Structure formats: structure tokens, C-alpha cells
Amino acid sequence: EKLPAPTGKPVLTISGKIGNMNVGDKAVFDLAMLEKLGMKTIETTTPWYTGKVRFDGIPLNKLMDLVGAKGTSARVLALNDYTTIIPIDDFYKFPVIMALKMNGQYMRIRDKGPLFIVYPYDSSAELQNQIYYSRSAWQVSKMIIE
């Protein structure tokens, strides 16, 4: 089905090698649109917090299927200047999510919110390294499929 236009203010903008766009050559999502997609939880320890933290968000695998991603990598840009490149295969290899809530509460824009890419770190020794930590971009605003 076609992808609708955002009614609310945009929180995420996907562009690049995508097949489904709603605003020009881009897939723009308001918070409401993101929540229409199924949610998944990740309960894991992290190098940013003490103990386990509960992350609720949308799996990036279904997010890629929704925009019809046809690239190999994803250039993730933070609200300011942070940049990270994630191989799309990570989304199919791992149940990575785009977190919206942390401990059942929306993330504050001042902290990691509104969007935060999280991997299930404690689920695999392989995920316990800087590679995956560096790709866990917070305050996400744009995604470019390359």
C-alpha cells in the first residue's frame, strides 16, 4: 500500500535508495506514523546506563520493508552532527530496533530521545563491542539508504 503524508511534526526522515516515499524523494515519519508499526522490546545492559534497561521501539527490519530499502548500508545522522554507518544486513541479522521509549517512558529530546537505535547487546558476545555501540546512534533524525 502507498505511504501517507505526516500530519504531526517529522521525527524521522529516510531517503536515498528507497521505493516508498511520501514527501518528494523521501519517507518522512511523524511520531504517530512510527507507532502504527508493531513494537518490540529490548531488555539489555548498556555502556551508557547501569544495569538492564527496557527499550521499546520498531524493528528496523520492518522499517526497511516499509520504505522499500534497496541499499547495502544506512547513513544515520543525529539531530546535531553525530554520524554512523550501519550495514542494512545488521537489521536482518539482528533484531535491532528504533527505540521510542526507555523504561516505558518516551525519551526526552535532551537525553537520547526522540529516537535511539539499540541492539540486543547482552544477547550476544559479538554485539558487545564498540562497533555496535558506535552504530547505536541516539537523537536520530535522518537516515540515508546507500
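Just count from 1 along the sequence shown to find any residue number.
The stretch with the higher mean CA B factor, choosing between 115-123 and 43-51, is 43-51. 133-141 and 5-13 differ in mean CA B-factor, and the higher of the two is recorded for 5-13. Considering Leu77, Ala69, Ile97, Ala32 together, the PDB entry gives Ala32 the largest C-alpha B factor.
Ranked by Cα temperature factor within the chain, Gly57 sits in the middle third according to the deposited record.
Annotation for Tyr82: C-alpha temperature factor in the middle third relative to the rest of the modelled chain, per the entry.
Among all modelled residues in this chain, the alpha-carbon of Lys93 has a temperature factor (C-alpha) in the lowest third.
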